[PDB]
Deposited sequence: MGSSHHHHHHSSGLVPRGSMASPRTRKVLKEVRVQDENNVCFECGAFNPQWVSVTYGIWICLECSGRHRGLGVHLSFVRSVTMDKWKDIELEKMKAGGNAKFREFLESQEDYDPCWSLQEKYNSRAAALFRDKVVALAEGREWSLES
């Protein structure tokens, strides 16, 4: 976990990766590797109820998992979701992560990490 600490710092110190993606709490301590997003203790609990096929929730490790972190990001995922036509800013967590948009970014994050 040393070699890998350094990398997460690079990624954390980047695009809105130090606020929780869902609720904006500072210094998110958790991630959804799936979307390269950084979340807080509480929101990780909530993510854990979505299913691993929709969200893979870790605490700040496999190489391909770091590559997903480099590939995705808080700002990047939000920017992406905001341009989809059936985007709804009032989605529940469930609707959001079960949406076309989310699936597409997952696929994107995998394709890039590979």
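Student: Show which contiguous pieces of the deposited sequence have no C-alpha coordinates, counting from residue 1.
Tutor: In the chain as deposited, 1 to 21, 82 to 85, 140 to 147 carry no coordinates.
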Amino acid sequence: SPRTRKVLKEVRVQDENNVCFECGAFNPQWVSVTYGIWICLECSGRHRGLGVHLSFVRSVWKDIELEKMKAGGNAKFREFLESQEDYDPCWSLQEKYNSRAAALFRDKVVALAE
From here on, numbers count along this sequence of modelled residues.
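Student: Quick one: say whether 48 to 56 or 79 to 87 has the higher mean Cα B-factor in the deposited entry.
Tutor: Stretch with the higher mean C-alpha B-factor: 79 to 87.
Student: On mean Cα temperature factor in this entry, is 97 to 105 or 9 to 17 the higher one?
Tutor: For C-alpha atoms only, the mean B-factor is higher in 9 to 17.
Student: State the tercile, meaning the lowest, middle or highest third, of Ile39 with respect to the CA B-factors recorded for its chain.
Tutor: Within its chain, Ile39 is a lowest-third residue by C-alpha B-factor, going by the deposited values.
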